[PDB]
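One structure below.
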Amino acid sequence: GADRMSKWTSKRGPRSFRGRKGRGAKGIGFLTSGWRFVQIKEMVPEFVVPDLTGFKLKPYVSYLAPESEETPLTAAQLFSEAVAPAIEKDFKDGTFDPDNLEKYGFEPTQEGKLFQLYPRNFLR
Amino acid sequence: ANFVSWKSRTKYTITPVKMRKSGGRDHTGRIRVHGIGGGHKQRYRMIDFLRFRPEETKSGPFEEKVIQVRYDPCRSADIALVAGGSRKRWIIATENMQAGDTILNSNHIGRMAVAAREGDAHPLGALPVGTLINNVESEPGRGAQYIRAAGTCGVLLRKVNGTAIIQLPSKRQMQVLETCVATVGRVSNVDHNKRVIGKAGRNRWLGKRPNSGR
Amino acid sequence: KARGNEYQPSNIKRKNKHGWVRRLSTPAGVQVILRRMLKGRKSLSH
Amino acid sequence: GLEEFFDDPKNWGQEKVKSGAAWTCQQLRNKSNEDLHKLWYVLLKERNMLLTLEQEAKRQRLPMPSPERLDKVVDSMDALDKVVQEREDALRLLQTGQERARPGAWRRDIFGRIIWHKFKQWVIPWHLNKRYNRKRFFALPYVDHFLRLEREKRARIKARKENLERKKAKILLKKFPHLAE
Amino acid sequence: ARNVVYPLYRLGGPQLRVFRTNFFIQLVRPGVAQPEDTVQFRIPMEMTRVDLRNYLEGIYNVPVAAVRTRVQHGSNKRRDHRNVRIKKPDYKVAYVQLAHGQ
Amino acid sequence: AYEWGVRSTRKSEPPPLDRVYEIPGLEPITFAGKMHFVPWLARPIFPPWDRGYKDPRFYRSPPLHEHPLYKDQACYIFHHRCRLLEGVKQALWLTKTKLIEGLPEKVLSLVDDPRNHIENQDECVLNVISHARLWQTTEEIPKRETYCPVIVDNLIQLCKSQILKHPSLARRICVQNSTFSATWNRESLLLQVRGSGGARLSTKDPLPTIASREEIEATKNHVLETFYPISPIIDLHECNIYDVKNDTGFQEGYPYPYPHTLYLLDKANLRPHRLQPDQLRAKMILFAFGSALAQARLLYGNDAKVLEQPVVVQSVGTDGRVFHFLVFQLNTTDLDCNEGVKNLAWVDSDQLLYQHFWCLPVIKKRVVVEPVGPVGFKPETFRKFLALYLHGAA
Amino acid sequence: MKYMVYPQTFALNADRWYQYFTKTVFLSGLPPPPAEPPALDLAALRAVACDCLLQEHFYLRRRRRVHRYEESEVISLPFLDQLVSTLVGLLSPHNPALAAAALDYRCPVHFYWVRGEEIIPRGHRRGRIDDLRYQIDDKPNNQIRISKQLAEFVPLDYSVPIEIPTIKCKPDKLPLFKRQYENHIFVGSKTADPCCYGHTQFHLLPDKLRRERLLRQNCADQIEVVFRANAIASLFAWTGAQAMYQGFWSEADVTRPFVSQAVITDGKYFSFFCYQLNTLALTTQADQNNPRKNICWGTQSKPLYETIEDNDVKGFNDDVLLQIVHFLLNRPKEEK
RNA sequence: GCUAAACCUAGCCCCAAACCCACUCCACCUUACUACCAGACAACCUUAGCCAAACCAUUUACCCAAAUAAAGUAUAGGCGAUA
RNA sequence: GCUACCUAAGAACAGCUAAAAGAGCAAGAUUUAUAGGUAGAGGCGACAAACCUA
RNA sequence: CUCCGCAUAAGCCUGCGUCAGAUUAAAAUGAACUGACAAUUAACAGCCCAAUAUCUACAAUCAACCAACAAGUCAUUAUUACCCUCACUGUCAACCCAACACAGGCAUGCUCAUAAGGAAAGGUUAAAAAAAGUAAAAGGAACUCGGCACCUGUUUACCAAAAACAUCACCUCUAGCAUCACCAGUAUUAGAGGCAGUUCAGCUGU
Ligand SMILES: [K+]
Ligand SMILES: [Mg+2]
Ligand SMILES: [Mg+2]
Ligand SMILES: [Mg+2]
Ligand SMILES: [Mg+2]
Ligand SMILES: [Mg+2]
Ligand SMILES: [Mg+2]
Ligand SMILES: [Mg+2]
Ligand SMILES: [Mg+2]
Ligand SMILES: [Mg+2]
């Protein structure tokens, strides 16, 4: 008699089932003695909203705009525009040496960084 | 959930321990012994059967005072709360055990037969020949496994070459070393057999359901 | 006197008896899931 | 304020509201990260206003004014995510050489299927994790036969589709004989 | 944000921040009579009332006194021509009370 | 000897290790690299894992011996939940005190004259009993966990109305949640008393000494009775991690440092949880002794000498219906030896305020046999209660 | 089914909604002085007030650590008990009634009443008239019950131009929730108790409503609302229960006012309220042409002290303390 | 005159040839589709009965790498059936 | 999830004779909610060779 | 009329709210069917807790007196560790399991006759037969298979009888022992068996 096809949700089942299951909201704390909930400020996502005053970009773009070819960014293109110039200058001056990759922005490891690329430890 | 034995407590205590009935089923959940089921809820009192168990620091013979003698739902005999030093424990009560009495537990074999005092625990070899004994152990330090029921008492027939011959309540000779502790006297509730159940309903209270063979 | 009312719905019983975790608990139950996957069942289990 | 959720009071009631084109990925790619961050909230407030108007139109049982505005805003925000994701993706490759942001591994499951298992974050090591260890990332021999039946089921479906395509081609030639080639 | 892994927080770690939230909300007309200081929203399932208060205050600069939410069940009664149930999606409803007597 | 804990309930023994570990120079290939178990690879051996930081909700405490306060010599602590097997007799030995049946003449004398009795005392006391046992809550029959605290509080409030007659009663306060600690040695046994629970009646002035020096010296002849084969420290918490410190319960400068009276409540609904009459009196002696000892050690230091100015502390113990009264004088702080001057304790026991209470009328054959209200009320008990309260202010 | 009315509530602007449910008009300040055509030892009362404030905060040694979320129940609650229990004893010579009064500790006060009607919106009972039922289950920290009623603050037919607030939506939007359970009318003791009249009530606001939390929740204007809502609900429930203990009800309205006083504090800030119950005819029928209104007087919360450093209380406000004494010195008028 | 009737596609079957499958994001072995705590449960072991012998009791079949032929031959078998 | 038995932890039972508590008239070898266990060469059965979702 | 009703639990999952409909019930207002729109807001409830050692003989019954037996839901301390806060989820209905003439089933609290909840008659006629109810001269079971008035426990039947099984007692049988049943038991124990009212008077459409 039970409905197998319908989605299983916290509305279904007895009181124990309904309390335990949630709707996908991320937890922001823990439960202590007496079912008291302690909210951890750091767990609560902090919205980083910028100052939009004096900002020229708007939701839409004027139709009188030169269409351009789509060129997705690649790791090579980023290297040629952000890292290649510094190495090219140093190589001419002979200052460049392999041991000093970090001078041009290379990170040997992600440990100790606030925003680590892999494994990603920051929200969108 | 599969059967888990309630007998999981590892530390001795005099506090009654909550018991779980089996209903005649083994760990497989199938009936092994028929006619077992229901009854009144019972709490287990950890009975100490190694009468001669001195305290951790102390050693040698010691004495205990009978604080209380009370009914036990888990056995036919009555039990006695005995306090010695800073430790209390549950023991089996003798026929004349009473509150306030002092009892002795010794593991010393005298050159002769020490005077037999009810409720004391001496080595079989020390006990006089032809004395009613109870709570006898097969091996030194094993703990009393025999003559533990209400009103039961074995006799020490003879002591020969470091061994003792005792008559079990079933009139069967048993031979044990002379360093095996035992308790002088009959077990409490000598009139246990006399009691009449009277009503079929009483059997259900004792946790015994109908058993039909065919 | 009642007839045809064998079903006494209980979500706890239904999940425990026929649930996903129950099926995976034994090799026979896993094969139950495999057969239903092969047949293309919309609901593999309760 | 709360009025940001609604369109310019002048526009209320107007059958249409003229709007510009959606941002393209190339246009956004020229902008800086700080500009994209500010543009996101500019687009976000516009999207919330349009979503609000769309719902009120249903409540009033009337058509939504200029519904294509919502399609444009969703296109621009999707493009903004792609442009920002590409920058992070390219940066990750250079610094770590990792294709994906989230660690994972190819695993076999209890059903014998090969799956990409995305890793979750834990405070304790896996060998001490009671719940994680209950999961079985292997299949036993009894799964082998079902894998063969599943493979043969896949082959039957593929064979039917290929056969049908060839049949349709013959029907096409029957109706259009010049297509013989 | 929704459909994104949250960086696990350990005691004493940095604050969790979301630079480009993908939460989109709808301000809606109440179906029934509400107090003057009450504003009703439809928000995503994953958005908590704490998120909504920060979301409105941070992005819209709306002082929020109280926030309450509930999960509205969407009817699954409708059947298509194949006699297959059609699911109206469940959505979350939020009730926001404006601060400062607004 | 029968061992407790059946094998089936004990943790299963580790599986037999793979034999590849036995072979020297061979590295067993394990599933540790896979990060999950597989039956066809050897089980890894994992090094003990440490979190590396502090996480309160998952904290583990160090081994007991490593604790900073761990001591090789055990200390026996008496607390509110300690139930003495020998009751008062054990308490008398532990505190090196002599027991005198009844209360002192000085205390009782205060209530001897009618001018000290409260107006309509019997009517007022009867209302207190009816309020706590019948009227206080919506429940038909209030339970001991509620009526026992209320009856004592109201009785103290009834005695507090005499501030009009005796203005000195303004110099006393009733303190809740106060705790005191006193440590002393008896026959080389380290003893401690951690006092908690009940109400502490505090006064700005010390109580007068009940017994003169002549009576204090007469105690030398008295010999502390002993119980054998029961230890004096039975039913006490044998503690190995402890601090040998003396605490009256308040920091320096408290306007009411002197513990006038200690009120102890046996407010347990279940009879087994409730203390026995003799056990409750034993708790009163130790708590009264503990409070007095804490005062003596504070004023006169940690030395073990006969006190020139003894300390008097009173205690009242009740379960809501039965009251026990105690006056304790700390004559000596030299407790290590049985011989010498001994402390004096005046104990009045098993004083019933009322025999029984009927919350509902008893009806037999549709006739009201017994009406609701206190049964067998004994106003004498309250006079003893009033006498202890008036003591030191009248 | 009835609405659970919580005197200590988190609902925004609850005081306005509670005024409608109880038909209560709220006035600022205290009631006009009682017209009338053993000195008070202020130095001894200030000392005792500071000896209770410093015992809990400083002198008393705590075995365990007191966390911020326990202060209200570990420090504030015991302080209020002693402050009341000691002032009543010290002031008993000045006010004879206190000597025979009954002092309660966290005793329940219940009041059940009907106010207004509704049309059942849904179900098999849709369209039928149903009474709007309300229940208050209060638990004041301390309360003083006397055996003789206090004097009224204004006449029974006292009227004011201030209108009673109305609501344009259902009470559920406060928010308010309905539950069905025992309907209790309780003054803190059963009817048999001779002490069936109310003197003063002492309320400690819960930690959830602490001033600090309200400030960071953008609810600074709600600080005074919490105090007012607590007083209106609690004193209405208490006086209403007292009137129903004398046989009065909606169809047999009170023939004399029923007054009571409340002191509402969070452990540092104190508020003083006076309530006069003039009518119980609150049902649509009984309240058809009923001109009587219930009156509640209240003051703005003031700090008793500013800070406590070690054993020194800095900033003790005698005005707040004297106001507590004035409430405790109110006595039932004696007969000729 | 109603009810109806009529239809040609959807796809499917058998071969041949080629060795197939599958990580947007998020969720999913706990009550699957559930962000976030000291694991420990671990897989391996003759297929059976029976088509037939007109019953049934030993006895017959379902795989191991080249179509054909040797050959239904050698051989096995209540020397029966049959293999 | 029926039913039989059992386990865990719950719950219900007016009046009347009323000593005795008892299917007396109208508190028990009673009834009952919840979760769990025992499975077909079997289980369970105050044994009808009954019952174990016809 | 009330047989209930309201609420909770369990189950169920939008399933008589608004608007519209050409759909639907006997019914071209109603609508539980279709389309669109709206809705149930936490205080109630669910969702809990740092470690190690240690503590926990005294039922309940108005718990007092007098009592018992089947022997019982209710408790800590020591030291270490810990400064933070109100998230998440259930909340609608004329509703479930059934049966398809409610045939029936369904836990708890409160109300104890309702302040809540409901409608036995589509209209007519007033034949038979049939069902139920009521009244009935004289008689009062006549004529009819048969009217009405060695303990205990289940069973078919029911006023019931009977037998069967169970079982107190009784009897024989096997067993000298412990860490999963028996049993945390020990021959005064455990298990397996056997146990051999009529007549009369009175009343009734029988
Ligand atoms: K439903
Ligand atoms: Mg909610
Ligand atoms: Mg709650
Ligand atoms: Mg509801
Ligand atoms: Mg009605
Ligand atoms: Mg009808
Ligand atoms: Mg008809
Ligand atoms: Mg007749
Ligand atoms: Mg005849
Ligand atoms: Mg006759």
Side-chain angles (χ1 to χ4, degrees), chain A residues 10 15 18-22 25-26 28-29 31-33 35 37-39, chain B residues 1 5 7 14-15 22-23 25-27 29-30 32-33 37 40-41 68 71 73 81 145-146 148-152 168-170 172 192-193 197-201 204-205 210 212 214, chain C residues 1-2 4-10 13 15 19-21 24, chain D residues 116 123-124 127-130 133-135 140 151 154-155, chain E residues 3 6 8 31 48 68 70 75 77 95, chain F residues 6-8 39 56-61 64 67 69 79 81 141 237 239 241 270-273 355-356 359-360, chain G residues 6 67-69 122-124 175 177 179-180 208:
Chain A
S10 75
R15 295 180 332 163
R18 305 200 296 276
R20 290 197 277 276
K21 189 149 178 80
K26 300 287 201 290
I28 59 171
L31 276 179
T32 54
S33 76
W35 299 275
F37 183 79
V38 180
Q39 172 180 312
Chain B
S5 189
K7 312 167 187 182
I14 59 156
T15 294
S22 67
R25 279 85 169 149
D26 62 330
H27 60 261
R30 297 200 183 182
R32 198 155 167 188
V33 183
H40 201 284
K41 276 200 174 74
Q68 190 183 49
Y71 170 91
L81 183 71
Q145 298 189 28
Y146 302 85
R148 307 199 323 185
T152 64
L168 299 165
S170 59
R172 164 160 181 171
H192 181 65
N193 56 11
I197 303 275
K199 45 214 174 314
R204 310 310 308 275
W205 304 338
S212 186
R214 274 93 191 178
Chain C
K1 63 164 87 170
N5 67 322
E6 288 69 51
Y7 189 57
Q8 301 305 312
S10 165
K13 282 172 170 287
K15 292 295 207 157
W20 182 258
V21 181
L24 301 192
Chain D
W116 174 262
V123 174
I124 54 153
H127 69 276
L128 300 180
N129 191 319
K130 204 173 319 189
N133 285 297
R134 290 198 306 266
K135 291 186 80 178
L140 296 175
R151 181 186 172 169
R154 281 196 301 280
Chain E
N3 292 12
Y6 272 25
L8 188 52
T48 74
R68 294 180 306 276
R70 66 173 177 87
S75 180
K77 188 178 181 173
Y95 300 95
Chain F
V6 300
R7 195 183 317 101
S8 50
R57 293 165 54 237
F58 307 92
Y59 176 79
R60 269 162 170 185
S61 63
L64 302 174
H67 283 224
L69 284 181
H79 50 77
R81 263 292 307 279
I141 300 164
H237 174 54
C239 203
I241 316 174
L270 277 198
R271 191 173 295 267
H273 299 357
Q355 178 61 219
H356 187 39
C359 294
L360 300 176
Chain G
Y6 287 88
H67 303 113
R68 297 294 180 190
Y69 74 92
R122 299 287 309 267
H124 69 285
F177 301 88
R179 199 163 59 88
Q180 176 173 318
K208 188 173 170 183

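Just so you know, these numbers use all the heavy atoms, side chains as well, and skip hydrogens, waters and symmetry mates. Letters A, B, ... are given to chains in the order of the sequence lines, protein chains preceding strands, and every chain is numbered from 1.
Backbone-only contact: F:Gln355 has heavy atoms under 4.0 Å from sugar-phosphate atoms and none from a base. Across all strands shown, C:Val21 has heavy atoms under 4.0 Å from sugar-phosphate atoms exclusively, and none from any base. Across all strands, G:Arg68 comes closer than 4.0 Å to base atoms (heavy-atom distances). Base engagement by C:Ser10 is indicated by at least one non-hydrogen atom pair under 4.0 Å involving a base atom. Here F:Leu69 lies in heavy-atom contact (under 4.0 Å) with sugar-phosphate atoms only. Within 4.0 Å of F:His79, counting heavy atoms only, lie sugar-phosphate atoms of the nucleic acid but no base atom. When heavy atoms are screened at a 4.0 angstrom cut-off, G:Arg122 is found touching base atoms of the nucleic acid. Within the nucleic acid shown, F:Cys359 comes within 4.0 Å of at least one base atom, counting heavy atoms only. Among the heavy atoms of the strands lying under 4.0 Å from B:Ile197 are primed sugar atoms or P, OP1, OP2 only; no base atom is included. Within 4.0 Å (heavy atoms only), F:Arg7 reaches sugar-phosphate atoms of the nucleic acid but no base atom. Here B:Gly37 lies in heavy-atom contact (under 4.0 Å) with sugar-phosphate atoms only. Contact annotation for A:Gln39: backbone-only contact, meaning every heavy-atom pair under 4.0 Å involves sugar-phosphate atoms and none involves a base. G:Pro175 comes within 4.0 angstrom of a nucleotide base, judged by non-hydrogen atoms across all strands. Contacts of B:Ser5 with the nucleic acid, taken as non-hydrogen atoms under 4.0 Å apart, involve only primed sugar atoms and P, OP1 or OP2.
Taking the P atom of each, J:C6 and I:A14 are spaced 27 Å apart, rounded to whole Å. Here, J:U154 and I:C47 have their P atoms 13 Å apart, quoted to the whole Å.
Atom P of nucleotide J:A81 and atom OH of F:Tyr59 are separated by 5 Å, given to the nearest angstrom. A straight line from NZ of C:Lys15 to P of I:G1 spans 18 Å, rounded to a whole angstrom. Between F:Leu64 atom CG and J:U77 atom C1' there is a gap of 14 Å when expressed in whole angstrom units. Between B:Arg172 atom CZ and J:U189 atom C1' there is a gap of 16 Å when expressed in whole angstrom units. For the pair B:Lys41 NZ and J:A59 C1', the computed distance is 14 Å after rounding to whole Å. Going from atom CZ of D:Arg134 over to atom P of H:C29 covers 9 Å, rounded to whole Å. Atom-to-atom, OH of C:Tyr7 to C1' of J:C106 comes out at 15 Å; the value is rounded to the nearest Å.
Below the 3.5 angstrom threshold, one finds a donor paired with an acceptor across the side chain of B:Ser170 and the base of J:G176. At a cut-off of 3.5 angstrom, counting only N and O atoms as typed in the model, there is a donor on one side and an acceptor on the other between the side-chain of E:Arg68 and the base of J:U41. Evaluation of atom-type donor-acceptor distances gives no pair under 3.5 Å for the side chain of F:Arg60 against the base of J:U80. On a pure distance criterion of 3.5 Å, a polar donor-acceptor pair joins the side chain of D:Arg154 and the base of H:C20. Residue side chain D:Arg151 reaches the base of H:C19 through a donor-acceptor N/O pair under 3.5 Å, judged by distance alone. For a distance-only test at 3.5 Å, the side chain of E:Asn3 qualifies as a donor-acceptor partner of the base of H:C25.
Nucleotides J:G117 and J:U154 fail the base-pair criterion, which asks for a Watson-Crick or G-U wobble arrangement whose two donor-acceptor distances both fall under 3.5 Å. The bases of J:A45 and J:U89 line up as a Watson-Crick or G-U pair, and both contact lengths stay under 3.5 Å.
Under the 90° criterion around 0 for the glycosidic angle, J:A178 counts as syn. Glycosidic conformation of J:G197: anti, with the torsion beyond 90° of 0. Taking the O4'-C1'-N9-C4 or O4'-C1'-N1-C2 dihedral as appropriate, H:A54 has a value within 90° of 0 and is therefore syn.
For the OP1/OP2 pair of J:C180 and a distance below 4.0 Å, the side-chain nitrogens and oxygens of F:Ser8 include at least one atom meeting the criterion. Here D:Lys135 does not reach the OP1 or OP2 of H:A42: none of its side-chain N or O atoms lies under 4.0 Å away. Side-chain nitrogen and oxygen atoms of C:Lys13 include at least one within less than 4.0 Å of the OP1 or OP2 phosphate oxygen of I:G1. At J:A60, one or more side-chain N or O atoms of F:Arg271 fall inside 4.0 Å of OP1 or OP2 (strictly under the cut-off). Dashed line: the shortest gap from a side-chain N or O of G:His124 to OP1 or OP2 of J:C6 is under 4.0 Å. Using a 4.0 Å cut-off, no side-chain N or O of A:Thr32 falls inside it from OP1 or OP2 of J:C48. Contact between the side-chain N/O atoms of B:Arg214 and the OP1/OP2 oxygens of J:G193 is found at a separation under 4.0 Å. Considering only side-chain N and O atoms, E:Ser75 lies under 4.0 angstrom from the phosphate OP1 or OP2 of J:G15. OP1 or OP2 of I:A29 sits under 4.0 Å from a side-chain N or O of B:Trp205. Note on B:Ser212: a side-chain N or O is less than 4.0 Å away from OP1 or OP2 of J:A166. One finds a side-chain N or O of B:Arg148 lying less than 4.0 angstrom from the OP1 or OP2 phosphate oxygen of J:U186. For J:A71, one of the phosphate oxygens OP1 or OP2 lies less than 4.0 angstrom from a side-chain nitrogen or oxygen of B:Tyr71.
If you check J:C82, J:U188, I:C5 against the side chain of B:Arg25, the one that comes closest is I:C5.
Consecutive residues I:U38 and I:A39 do not stack, lacking base ring centres under 5.5 Å apart with planes under 30°. For J:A113 and J:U114, a centre-to-centre distance below 5.5 angstrom together with a plane angle below 30 degrees is not found for the six-membered base rings. Adjacent nucleotides J:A70 and J:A71 miss the stacking criterion of ring centres closer than 5.5 angstrom and planes inclined by less than 30 degrees.
In terms of heavy-atom proximity, A:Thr32 sits nearest to A:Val38 at CG2-CG2, 3.5 Å.
Each of B:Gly29 and C:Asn5 has a nearest nucleotide on RNA chain I; the 5'-most of these lies closest to C:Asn5.
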